[PDB]
Peer 1: 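Here it is, the structure, as structure tokens.
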Amino acid sequence: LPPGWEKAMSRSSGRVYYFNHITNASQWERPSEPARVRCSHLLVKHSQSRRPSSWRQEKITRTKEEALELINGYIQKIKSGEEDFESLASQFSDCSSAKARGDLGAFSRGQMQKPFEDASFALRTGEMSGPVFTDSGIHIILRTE
Amino acid sequence: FXXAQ
């Protein structure tokens, strides 16, 4: 399997699935390095974030646990097709990149906070991460290039 | 600046 991917067992259904311990992605389907990647992200900050403030709210008071619940909800809506990643990033990302539908542009290794870099480089083009924790908060990352 | 090292 590709970097980070492992086989796992559904607790509710008993069917095999695949989990990536670098990106926190999970999926039923068997999974399908670059010098630079282009990613978008959706950030949900919390009270332990290095800077608990964003364009959305001056004092961010939600707990890490609450942030993770919000991230999980956004992932659910994205995966069901109820909402687009770009639309959720524009509305709800605690990063100024929200104004560009979450797009960060292209970057190489040795530029981003480490969990974010590692997730970004382990995604294939078009793939989305699970919840990725950094000192910034919790991210959903979409690799676009 | 945001998730930049």
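Naming convention: chains lettered A, B, ... in sequence-line order (proteins, then strands); numbering from 1 in each chain. For the numbers below, each heavy atom of this structure counts, side chains included, while hydrogens, waters and symmetry mates do not.
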Peer 1: Applying the 4.5 Å side-chain criterion to the ILVMFWY set and letting contacts propagate, would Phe133(A) and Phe92(A) be lumped into a single cluster?
Peer 2: yes

Peer 1: Run the salt-bridge test on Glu145(A) and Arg38(A) with the 4.0 Å N-O cut-off and return the result as yes or no.
Peer 2: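 Result for this pair is yes, salt bridge flagged.
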
Peer 1: Out of curiosity, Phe85(A) CZ to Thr144(A) OG1, how far, rounded to the nearest 0.5 Å?
Peer 2: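 With rounding to 0.5 Å, CZ (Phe85(A)) is 9.0 Å from OG1 (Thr144(A)).
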
Peer 1: State the OG1-CG distance between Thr23(A) and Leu123(A), to the nearest 0.5 angstrom.
Peer 2: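 Those atoms lie 5.5 Å apart.
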
Peer 1: Per the side chain to side chain donor-acceptor pair (under 3.5 Å) rule, which among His46(A), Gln113(A), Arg50(A) passes with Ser136(A)?
Peer 2: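 By the side chain to side chain donor-acceptor pair (under 3.5 Å) criterion, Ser136(A) pairs with just one of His46(A), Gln113(A), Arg50(A): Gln113(A).
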
Peer 1: First locate atom OG of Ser32(A), then atom CG of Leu1(A), and finally report the distance between them rounded to the nearest 0.5 Å.
Peer 2: 11.5 Å

Peer 1: Check whether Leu142(A) and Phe116(A) end up in the same hydrophobic cluster, where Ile, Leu, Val, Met, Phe, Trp and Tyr are linked by side-chain heavy atoms less than 4.5 Å apart.
Peer 2: no

Peer 1: Is there side-chain contact between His41(A) and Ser129(A), with heavy atoms separated by less than 4.5 Å?
Peer 2: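 Counting from C-beta outward, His41(A) and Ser129(A) never come under 4.5 Å.
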
Peer 1: Do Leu88(A) and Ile140(A) belong together in a cluster built from hydrophobic side chains that touch within less than 4.5 Å?
Peer 2: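 Cluster IDs for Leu88(A) and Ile140(A) match.
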
Peer 1: I need the minimum non-hydrogen distance between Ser40(A) and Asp103(A), along with the two atoms involved.
Peer 2: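 Where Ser40(A) meets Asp103(A) most closely, the heavy atoms are OG-CA, 3.3 Å.
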
Peer 1: Output side-chain donor-acceptor pairs under 3.5 Å for residues 12-19 of chain A, partner residues at least two apart or in another chain, one line each.
Peer 2:
| from | atom 1 | to | atom 2 | distance (Å) |
| --- | --- | --- | --- | --- |
| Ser13(A) | OG | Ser10(A) | OG | 3.1 |
| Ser13(A) | OG | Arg15(A) | N | 3.3 |
| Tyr18(A) | OH | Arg30(A) | NH1 | 3.1 |

Peer 1: If hydrophobic clusters are built by linking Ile, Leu, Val, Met, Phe, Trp and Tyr wherever their side-chain heavy atoms come under 4.5 Å apart, do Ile141(A) and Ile71(A) end up in the same one?
Peer 2: no

Peer 1: Quick one: pull up OG in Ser96(A) and NZ in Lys99(A) and give me the separation to the nearest 0.5 Å.
Peer 2: 8.5 Å

Peer 1: For a salt bridge (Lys or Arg N to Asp or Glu O under 4.0 Å) check, start with the C-alpha distance between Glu117(A) and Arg109(A), then their side-chain angles and the critical distance, and finish with the verdict.
Peer 2: CA-CA 7 Å; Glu117(A) 169 185 311; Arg109(A) 291 196 176 269; 2.8 Å; yes

Peer 1: Distance only, no hydrogens: is a donor on one side chain within 3.5 Å (strictly under) of an acceptor on the other, for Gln76(A) and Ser80(A)?
Peer 2: no

Peer 1: Between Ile60(A) and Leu43(A), is there a shared hydrophobic cluster once you connect ILVMFWY residues whose side-chain heavy atoms come closer than 4.5 Å?
Peer 2: no

Peer 1: If you look at every heavy atom in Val132(A) and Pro115(A), which pair is closest and at what distance?
Peer 2: CG1-O, 3.7 Å

Peer 1: For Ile22(A) versus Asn20(A), what's the shortest heavy-atom pair and its separation?
Peer 2: N-OD1, 2.8 Å

Peer 1: Given side chains that start at C-beta, do those of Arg62(A) and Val44(A) come closer than 4.5 Å, heavy atoms only?
Peer 2: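 They are in contact (side-chain heavy atoms under 4.5 Å apart), so the answer is yes.
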
Peer 1: Kindly say whether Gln91(A) contributes a backbone atom to a donor-acceptor pair with the side chain of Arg56(A) at under 3.5 angstrom?
Peer 2: yes

Peer 1: Could you pull out the closest heavy-atom pair between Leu104(A) and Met112(A), with the gap in Å?
Peer 2: CD1-CE, 4.0 Å

Peer 1: Tell me, please, which residues at least two apart from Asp84(A) pass salt bridge (charged side-chain N to carboxylate O under 4.0 Å, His left out).
Peer 2: none

Peer 1: Can you tell me how far CZ of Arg51(A) sits from CG of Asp135(A), rounded to the nearest 0.5 angstrom?
Peer 2: 14.0 Å

Peer 1: Report the distance from atom OG of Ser93(A) to atom CD of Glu86(A), rounding to the nearest 0.5 Å.
Peer 2: 12.5 Å

Peer 1: What are the two closest heavy atoms between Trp55(A) and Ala98(A), and how far apart are they?
Peer 2: NE1-CB, 3.5 Å

Peer 1: Looking only at heavy atoms, which two atoms of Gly110(A) and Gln5(B) are closest? And how far apart?
Peer 2: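 Minimum heavy-atom separation between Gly110(A) and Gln5(B): O-NE2, 3.8 Å.
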
Peer 1: Decide if atom CD of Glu33(A) counts as having more than 12 heavy atoms of other residues, nucleotides or ligands within a radius under 6.0 Å.
Peer 2: yes

Peer 1: Does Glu58(A) offer a backbone N or O that forms a donor-acceptor pair with the side chain of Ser53(A) under 3.5 Å?
Peer 2: yes

Peer 1: Is a side-chain donor-acceptor pair under 3.5 Å present for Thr134(A) with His139(A)?
Peer 2: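 Note: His139(A) and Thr134(A) side chains meet the donor-acceptor criterion.
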
